[PDB]
Amino acid sequence: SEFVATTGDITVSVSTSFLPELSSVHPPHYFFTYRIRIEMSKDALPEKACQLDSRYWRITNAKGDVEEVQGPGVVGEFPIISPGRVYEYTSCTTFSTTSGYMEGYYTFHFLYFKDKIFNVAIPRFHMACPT
């Protein structure tokens with residue numbers, strides 16, 4: 001399914017997928033991939049060009065266990081987003097429950113504005129196994 005959040009001229013889109021071949025009911029291991037799309041509208045000023053510094057994830061399963069993940073980059077990269085550009089990457093996550101959800105944000109800095117740093121919301125997206 002598809003989840004979206006926009007901040008300023010930037011939109012973050014998340015598509016999720018359940019992978020049953022890697023998922024078991026015992027031990028409870030529910031494997032999901034997610035594909036993230038970070039895009040800046042064509043109509044934005046080229047001044048707003050910005051570079052991804054870091055990520056913050058809050059991951060919650062269906063029994064109230066929570067995990068925080070924070071670190072530099074996404075999958076080892078620090079992409080630059082400028083008007084019309086799209087950065088896409090894929091990652092995965094496991095839950096010990098049939099559902100879980102994730103939310104957080106990316107921290108960006110402007111390339112052409114001295115020390116202007118800002119956070120871009122990642123939409124909350126739920127992952128749920130039908131069965």
# chains A, B, ... in the order shown; residues from 1 in each chain; ligands from 1
$ closest_atom_pairs --of "segment 4-80 of chain A" --to "segment 85-89 of chain A" --cutoff "9 Å" --atoms "only C-alpha atoms" --output "JSON lines"
{"residue": "A:34", "atom": "CA", "partner": "A:89", "partner_atom": "CA", "distance": 8.6}
{"residue": "A:35", "atom": "CA", "partner": "A:89", "partner_atom": "CA", "distance": 5.8}
{"residue": "A:36", "atom": "CA", "partner": "A:89", "partner_atom": "CA", "distance": 5.4}
{"residue": "A:37", "atom": "CA", "partner": "A:88", "partner_atom": "CA", "distance": 4.6}
{"residue": "A:38", "atom": "CA", "partner": "A:87", "partner_atom": "CA", "distance": 5.2}
{"residue": "A:39", "atom": "CA", "partner": "A:86", "partner_atom": "CA", "distance": 4.5}
{"residue": "A:40", "atom": "CA", "partner": "A:85", "partner_atom": "CA", "distance": 6.1}
{"residue": "A:41", "atom": "CA", "partner": "A:85", "partner_atom": "CA", "distance": 7.8}
{"residue": "A:42", "atom": "CA", "partner": "A:85", "partner_atom": "CA", "distance": 7.9}
{"residue": "A:74", "atom": "CA", "partner": "A:89", "partner_atom": "CA", "distance": 8.0}
{"residue": "A:75", "atom": "CA", "partner": "A:89", "partner_atom": "CA", "distance": 7.8}
{"residue": "A:79", "atom": "CA", "partner": "A:87", "partner_atom": "CA", "distance": 7.2}
{"residue": "A:80", "atom": "CA", "partner": "A:87", "partner_atom": "CA", "distance": 8.2}
$ residues_around --residues "residue 56 of chain A" --least-positions-apart "3" --cutoff "9 Å" --atoms "only C-alpha atoms" --output "list in words"
residues 68, 69, 70, 71, 103, 104, 105, 106 and 107 of chain A
$ select_by_dssp --residues "segment 6-53 of chain A" --states "strand (DSSP E or B)" --output "PyMOL selection string"
chain A and resi 6-7+10-18+24+29-40+50-53
$ write_last_selection --atoms "N, CA and C atoms" --output "short mmCIF file (atom, residue, chain, number, x, y, z; two decimals), in the first residue's frame"
data_model
loop_
_atom_site.label_atom_id
_atom_site.label_comp_id
_atom_site.auth_asym_id
_atom_site.auth_seq_id
_atom_site.Cartn_x
_atom_site.Cartn_y
_atom_site.Cartn_z
N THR A 6 4.16 15.21 2.94
CA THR A 6 4.91 16.28 2.29
C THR A 6 5.32 17.34 3.31
N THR A 7 6.56 17.80 3.19
CA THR A 7 7.10 18.89 4.00
C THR A 7 7.70 19.94 3.07
N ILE A 10 9.01 19.17 -0.37
CA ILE A 10 9.45 17.79 -0.40
C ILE A 10 8.42 16.77 0.02
N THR A 11 8.30 15.73 -0.76
CA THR A 11 7.35 14.70 -0.47
C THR A 11 8.06 13.38 -0.27
N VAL A 12 7.66 12.66 0.76
CA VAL A 12 8.19 11.32 1.03
C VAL A 12 7.07 10.31 0.83
N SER A 13 7.29 9.37 -0.07
CA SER A 13 6.31 8.33 -0.34
C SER A 13 6.86 6.97 0.05
N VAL A 14 6.02 6.17 0.69
CA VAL A 14 6.41 4.83 1.13
C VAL A 14 5.45 3.78 0.58
N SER A 15 6.00 2.80 -0.13
CA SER A 15 5.22 1.63 -0.53
C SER A 15 5.74 0.46 0.27
N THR A 16 4.84 -0.35 0.79
CA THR A 16 5.22 -1.51 1.59
C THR A 16 4.83 -2.79 0.88
N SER A 17 5.43 -3.89 1.31
CA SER A 17 5.13 -5.20 0.78
C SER A 17 5.37 -6.24 1.85
N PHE A 18 4.42 -7.16 2.00
CA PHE A 18 4.60 -8.31 2.87
C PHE A 18 5.27 -9.43 2.08
N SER A 24 7.06 -16.35 9.07
CA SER A 24 6.52 -17.50 9.77
C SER A 24 5.59 -17.06 10.89
N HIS A 29 7.70 -14.23 12.94
CA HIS A 29 8.64 -13.40 12.19
C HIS A 29 7.94 -12.87 10.95
N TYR A 30 7.57 -11.59 10.97
CA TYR A 30 6.80 -11.05 9.87
C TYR A 30 7.62 -10.00 9.12
N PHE A 31 8.03 -10.39 7.92
CA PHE A 31 8.98 -9.67 7.10
C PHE A 31 8.34 -8.74 6.13
N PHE A 32 8.71 -7.48 6.20
CA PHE A 32 8.16 -6.51 5.27
C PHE A 32 9.31 -5.76 4.61
N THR A 33 9.16 -5.45 3.33
CA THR A 33 10.05 -4.51 2.68
C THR A 33 9.31 -3.22 2.52
N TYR A 34 10.05 -2.14 2.34
CA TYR A 34 9.41 -0.87 2.10
C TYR A 34 10.29 -0.11 1.12
N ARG A 35 9.68 0.63 0.24
CA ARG A 35 10.40 1.40 -0.72
C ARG A 35 10.06 2.83 -0.47
N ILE A 36 11.09 3.64 -0.34
CA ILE A 36 10.93 5.02 -0.04
C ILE A 36 11.27 5.93 -1.19
N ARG A 37 10.43 6.90 -1.42
CA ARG A 37 10.64 7.83 -2.50
C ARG A 37 10.68 9.21 -1.90
N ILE A 38 11.80 9.90 -2.10
CA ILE A 38 11.96 11.28 -1.66
C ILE A 38 12.05 12.17 -2.88
N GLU A 39 11.13 13.12 -3.00
CA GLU A 39 11.08 13.93 -4.20
C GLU A 39 10.81 15.40 -3.89
N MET A 40 11.35 16.27 -4.74
CA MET A 40 11.13 17.70 -4.62
C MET A 40 10.44 18.18 -5.88
N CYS A 50 19.03 20.57 -1.30
CA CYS A 50 19.37 20.16 0.05
C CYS A 50 19.93 18.76 0.07
N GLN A 51 20.66 18.44 1.14
CA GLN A 51 21.32 17.15 1.21
C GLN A 51 20.97 16.39 2.45
N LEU A 52 20.57 15.16 2.30
CA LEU A 52 20.20 14.31 3.40
C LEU A 52 21.35 13.99 4.32
N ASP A 53 21.22 14.31 5.60
CA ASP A 53 22.27 14.10 6.60
C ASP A 53 22.04 12.79 7.35
#
$ closest_residue --among "A:2, A:25, A:61, A:54" --to "residue 95 of chain A" --atoms "only C-alpha atoms"
A:61
$ closest_residue --among "A:8, A:73, A:27, A:46" --to "residue 119 of chain A" --atoms "only C-alpha atoms"
A:8
$ atom_distance --atom1 "atom CA of residue 47 of chain A" --atom2 "atom CA of residue 72 of chain A"
23.5 Å
$ select_by_dssp --residues "chain A" --states "helix (DSSP H, G or I)" --output "list in words"
residues 20, 21, 22, 46, 47 and 48 of chain A
